[PDB]
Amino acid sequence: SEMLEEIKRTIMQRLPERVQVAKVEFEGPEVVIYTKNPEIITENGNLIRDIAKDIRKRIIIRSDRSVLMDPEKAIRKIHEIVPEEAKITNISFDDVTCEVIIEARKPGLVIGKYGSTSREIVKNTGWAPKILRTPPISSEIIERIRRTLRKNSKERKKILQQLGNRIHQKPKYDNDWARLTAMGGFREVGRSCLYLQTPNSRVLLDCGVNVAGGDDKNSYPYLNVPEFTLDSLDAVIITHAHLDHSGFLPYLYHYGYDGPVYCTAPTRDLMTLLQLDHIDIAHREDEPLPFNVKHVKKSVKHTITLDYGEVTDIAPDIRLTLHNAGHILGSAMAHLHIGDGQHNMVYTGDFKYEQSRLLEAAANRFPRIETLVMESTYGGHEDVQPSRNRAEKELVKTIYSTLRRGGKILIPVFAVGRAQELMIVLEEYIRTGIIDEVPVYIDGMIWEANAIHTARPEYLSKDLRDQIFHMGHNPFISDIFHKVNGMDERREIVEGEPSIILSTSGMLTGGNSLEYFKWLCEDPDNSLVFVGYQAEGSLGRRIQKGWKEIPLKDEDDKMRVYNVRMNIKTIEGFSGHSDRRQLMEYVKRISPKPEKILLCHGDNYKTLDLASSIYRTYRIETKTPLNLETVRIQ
């Protein structure tokens, strides 16, 4: 409140009057300078950056509300100076960031050669143009998120006002120490949740849920831990959108959390999609779910989207940076700069240290690092996956076999994960004629997630991105695929001609895939293909492990015993997690060599296995904490 004034005074004393400052706000992680002279934005903020580096802050310049053009009139002036050439799809406005969102067929000519066209836009309207390429298909989810954000301007500004007020304070105490407390997904794969404590700050790294249909004592993170109180909590960071890592977030907002959430733009989008489906599933089966739609909305309002590499002040003593995890669209690793920096840490979350058809390999270059916290899903020597090539041949073989038998191939997948990777490869192999021309069916859920993909292309692999937006080969539109919604429709699918099915609930735990499974499991011609990791507990793993006598609800709700006779095939070398050797290589090749390693998100016996392996082959101390244990970082 008072230390902030000194920050404001420093700005004004370093700035010319010509820059007509209206007010200086502390909005969230950043400092905002509002000017009554829009042309100032246009000029080089080099003097601005000189100030930013001087006070060690991020500084944004925007136009004051007074010098902003009425959106009505603002649109005319746009069409005036483009004009039709770069055919414009849509124009939107953002009352908070003072940006005009412009999506067009050819974004280049919205900008102008030396960025001169957009220069004219700001100079004439006062709006910062966000030049964006037209999405080949709109994503209902994003449209909704935008409506939420739009209609809640006033409220969002105050949240940012207050959040920023907490963030740029001088720390209350010295930074003697730092600690990490496990709260989930340790010596298990499930409720990934990690709790960082400073004498000043309390942050939660991931906040997930165990999807496996079991006890509450096994499905949720340990909030009942003495150290964790909700009021003390300064921020939640969400690596990627999988419910393993994000599913418990809406519970927090139900229990009265009032703070920020940080993640990549895709993460926020996918997250919302997955959580919303999680409501539809419970409403479908008549199961008491705690969080309503409202709690997802609150989550969205308090979410702060971050680009990869974008350094962010989230607490008086904590800078956050997100680096590409390359596991799922928008998946990220958290690098945390703590205090004086001498003891920084990195959390991986789920990651893959290999370029996929969809994503760029996980990052491995960072600022100074003391401690590394990595997943160990496929840890333990026995977990070397086969080469991408071999993995691909294997699939083709299975499908051809089924197709020749005249059957269908069911591949159960999460709405986002292996699904997209699978779609790229299948599209290609069919179109090329490596696989026989056969319809590939896809759950609305996956489809809707794909929409998000094409809409955040910057988060895809360069290779793929350029293939879509420069070469015009977009696999997700292909006539090969057919969108699926309604059990009514699905009935026809299973009764129809030999085909390939992608359906929701990655491990066969409820959802659509289960219903397909019911219909197809009793025919030896059909085959079930496993691609993702099958967690312990899940029916998927039970099936995989060889279980062939499964009891389920009937056409009505009658319990019926199902004698599985269909082919069960697991295809290794496709998972979103880096394999055993890749994990070990990731440690060999790091930015600064870490001095301590923690292992999480890993099956009990695989975690211990990797730990000794790492140490004996690299002589680096690795801790393998149990679920309620705490490790010191500083």
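So that there is no doubt, residue numbering starts at 1 and follows the sequence shown.
Between 326-334 and 220-228, point out the one with the higher average CA B-factor as the PDB entry records it. Between 326-334 and 220-228, it is 220-228.
Got a sec? Mean C-alpha B-factor, which is higher, 569-577 or 41-49? The stretch with the larger average C-alpha B-factor is 41-49.
Highest recorded Cα temperature factor - choice among 351, 262, 562, 251: It is 562.
Could you say which of 246, 299, 356, 89 has its CA atom at the highest B factor, as listed in the PDB entry? Highest C-alpha B-factor among the listed residues goes to 89.
Against its chain's modelled residues, does residue 28's Cα B factor rank lowest, middle or highest third? CA B-factor rank for residue 28: lowest third.
By the record's CA B-factor, is residue 486 among the lowest, middle or highest third of residues in the chain? Tercile = highest for this residue's CA B-factor.
Residue 308 - which third its CA temperature factor falls in, relative to the rest of the chain: Lowest third of the chain for residue 308's C-alpha B-factor.
Place residue 493 in the lowest, middle or highest third of its chain's C-alpha B-factors, as listed in the PDB entry. Top third by C-alpha B-factor.
Within-chain third of residue 272 by Cα B-factor, per the entry: Residue 272: CA B-factor falls in the lowest third of its chain.
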